[PDB]
Each structure stands twice: as structure tokens, then as C-alpha cells.
Amino acid sequence: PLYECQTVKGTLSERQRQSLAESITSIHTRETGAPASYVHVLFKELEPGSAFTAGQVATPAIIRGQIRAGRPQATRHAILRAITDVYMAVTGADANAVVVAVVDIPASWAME
Amino acid sequence: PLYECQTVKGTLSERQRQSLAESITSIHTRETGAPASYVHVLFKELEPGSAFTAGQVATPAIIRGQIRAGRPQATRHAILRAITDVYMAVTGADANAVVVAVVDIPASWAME
Amino acid sequence: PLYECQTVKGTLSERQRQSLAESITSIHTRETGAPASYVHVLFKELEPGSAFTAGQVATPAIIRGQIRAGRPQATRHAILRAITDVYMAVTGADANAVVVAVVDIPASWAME
């Protein structure tokens, strides 16, 4: 599985990144039952004038996760809820300034 | 909905990113009938010599958009065309060096 | 066709990026029968400490390829194993620290 977090530069500190990484990992290994050694979390930062919401300069938080297909929605939704809650708990950011998406990738489409 | 623009470092200015963000937002809100508040546009730059076309160093432009599934193909094509026409007009780029993709995301795969 | 390579900043030399760009382009054109002019390879770098495996900081390598739908699995698999072998040869990375994915995008969903 691959989780990518995109925020405007200056949003996350090193401690917050470390926290989110350990948490997101634990969330996946708990909701899916997979070994952590295959769970990858990536953090990317955007320049202040490179993030827009409704056509205006903003600071949205986008977290995207690619997981393996063959899982019920209750599982995906559980991951969505947990990831959403933990980011808001770590950063204190607003809910509508946070977007989380977990998509399916067929196992036949990946090689690890 | 999320739109991401990937170009070589130095391609877009502040004014251009503002224009493209406003343009993409307007195009999406019209064709899909979705509010602007949910429309997010991100800009990412690539280091010189890290973008390749036909095995050689080039400056392609990649704009990818993840929208809600359930809308007809004519709607998607209209979004594809408009974004492509706009980017070429704003930047002056070659059509053969511009790639736009609008993929469907199931409504229950995202949380916001 | 679009191939993105995510690594920790400093992992790939410019010569390594060149070699990977050519071989990946070569593999795709060999297995699909598509012109090289449509093949785009992008190299993105992550800041050290912004890339995590399990719970801690690591140096994973993510190569994601977006190709067009309508092609059989054997084609995609051949691309997957080839890219995997080539990357581990060029860089010397561990197989457990390398992830390759090749996803489908319907021709109606892209424009170039």
C-alpha cells in the first residue's frame, strides 16, 4: 500500500510527519491485516502559490492511499474515517480543508 | 474533485497558476454542476532533466484530474478539451507536449 | 503512456535517470507496439525524512505507470517484471524497497 500526503509548505513539522506516518501505518495494518514493512507513507509539500481552492490561493490537505482490490467498503470507509480523524487530531486543521481518498489497485497491476 | 499540474521548473508563473486554477475550476463547476468549494488545484514542478519524452530530456505538461464517477463521457471529453485548449493558450505549449487525463473516482472512495 | 518515478532526493543520478528513462520507454514500446513519442517518464524526488516505510524513515522507490486500457495482462506483467529488473540493476536497490505499478486508463479519459 502507498499513502501520499500533500500539504502547503510549512503545514507539517517533522514531529507531525513522524506521528502521521506511524499512525497511518498502524491504521492500515489494523484495518487490512497487512505487514507494516510494505506500508509506505510519503510527504510532499507545495509552494504557497501552487495550491488553490475554489480558484483562490488556499491550504487544502490531500491524502491519497493506493490499496489492493478485494476489500469491502466498510474496510475502505474505516480507513477513510481513521485517516481523516488522525490528521485533524495531529494538525488541528479544518475538516473541509482536508480531503482523503483510498483507491483500489488490482493485485495483478502491482509488483513489489 | 482534484486537479494536479506537473510541469518543468520555470514553466508557470504566479499569474499563470492563478489563471489556470480559476479556469479549471470554472470548467469543472460548469460541466459537472458541482460547487467550487470542493474544487482543488495543485501545482508541482519537476527538476530540469527529470522529465523525459521518447527517452530524451523534454518539457511535457501533465494535468491529471480525479472527479466523481457517474457523469457521461460527453461531460468528461468537454472537460478534457477545455483544459487542454486553455493551457496551450496560457503557456504557448505544443499540443504534443501536453497531456490531460480525467479519471472517475467512486463517490465512496473519497472523504471530505 | 506516463511513467512516474518517486525516490528520496539524491537516490538517482542524472545518468541513472537517463538510463531508466530510455529502458522504460524501450520496454513499453516493445510490449505495446506504441510510438516512443507518446511515452513520458517523470522523476520526482522526496525530501529525506518525508518518506516512510513501516513506521520509520526509509528510502522506498515507487514507479507508477499509467497506460491505456484494452491490453491483456501478459503485456502488463512483462512491463512490470522488466521495469523491476532494470531499476534494481541500475540502482542496486532491494526488492523489498521497490514498488512498481502499471494501471489502466481508458482512451476516452486521456487527451494528448
Side-chain angles (χ1 to χ4, degrees), chain A residues 1-30 32 34-47 50 61-69 83 86-87 90 101 103-112, chain C residues 3-9 11 24 27 42-69 71-88 93-105 109:
Chain A
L2 175 64
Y3 294 89
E4 306 181 58
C5 177
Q6 290 176 279
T7 57
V8 173
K9 182 184 186 302
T11 295
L12 305 184
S13 63
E14 174 189 284
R15 145 198 82 75
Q16 290 179 301
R17 279 195 301 273
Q18 181 67 36
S19 175
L20 286 173
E22 295 181 72
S23 301
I24 288 175
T25 298
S26 184
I27 288 172
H28 184 91
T29 64
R30 179 178 55 234
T32 66
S37 60
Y38 297 143
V39 180
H40 306 279
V41 182
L42 308 184
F43 293 92
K44 315 182 73 179
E45 285 190 334
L46 303 164
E47 294 285 351
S50 300
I62 307 95
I63 309 180
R64 163 160 202 240
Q66 286 184 316
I67 69 169
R68 232 138 72 193
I83 290 184
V86 65
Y87 180 85
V90 162
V103 299
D104 275 343
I105 301 300
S108 298
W109 294 10
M111 180 170 297
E112 325 175 42
Chain C
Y3 289 87
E4 300 173 84
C5 182
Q6 284 187 120
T7 57
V8 174
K9 177 178 181 180
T11 302
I24 289 173
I27 291 158
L42 311 177
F43 296 94
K44 301 182 295 179
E45 283 185 334
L46 299 157
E47 300 293 330
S50 296
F52 292 83
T53 304
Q56 307 307 319
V57 178
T59 52
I62 296 94
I63 303 180
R64 294 175 294 175
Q66 291 185 308
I67 70 175
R68 241 160 272 145
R71 316 210 150 110
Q73 161 73 336
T75 302
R76 165 170 36 242
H77 169 72
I79 299 179
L80 283 165
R81 203 72 200 91
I83 291 182
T84 315
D85 290 339
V86 157
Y87 182 82
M88 293 185 304
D94 198 283
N96 290 334
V98 173
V99 178
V100 183
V102 176
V103 298
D104 289 336
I105 297 182
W109 294 16

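The analysis underlying the following values was restricted to heavy atoms, covering all of them including side chains, and did not include hydrogens, waters or symmetry mates. Lettering follows sequence order; numbering is per chain, from 1.
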What verdict does the side-chain contact (heavy atoms from CB on, under 4.5 Å) test give for A/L2 and C/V99, after you've listed the backbone C-alpha separation in whole Å, the side-chain angles of each residue and the deciding distance to 0.1 Å? CA-CA 9 Å; A/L2 175 64; C/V99 178; over 6 Å; no

Sub-3.5 Å donor-acceptor pair from the side chain of C/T53 to the main-chain atoms of A/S37, do we have one? no

Residue part contacting chain A, namely of C/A51, when any heavy atom lies under 4.5 Å: both

Do A/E45 and C/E47 have side chains that get closer than 4.5 Å, going by heavy atoms? no

C/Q6 vs A/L42, test: side-chain contact (heavy atoms from CB on, under 4.5 Å). Steps then yes/no. CA-CA 9 Å; C/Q6 284 187 120; A/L42 308 184; 3.6 Å; yes

I want to check something: taking the side chain as every heavy atom from C-beta on, are C/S50 and A/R17 in contact at a cut-off of under 4.5 Å? yes

A/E14 atom CD, over 12 foreign heavy atoms within 6.0 Å: no

Given A/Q18 and C/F52, is the side-chain contact (heavy atoms from CB on, under 4.5 Å) satisfied, shown in steps? CA-CA 8 Å; A/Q18 181 67 36; C/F52 292 83; 3.2 Å; yes

Output for pair (C/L80 CG, A/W109 CH2), nearest 0.5 Å, gives 11.0 Å

Counting only heavy atoms not in A/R68, do more than 12 fall under 6.0 Å of its CZ? no

Looking at C/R64 and A/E4, does any basic side-chain N land under 4.0 Å from a carboxylate oxygen? yes

So how far is it from A/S108 OG to C/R76 CZ, rounded to the nearest 0.5 Å? 7.5 Å

Return the option, out of A/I24, A/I105, A/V41, with the maximum number of heavy-atom pairs under 4.5 Å with chain C. A/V41

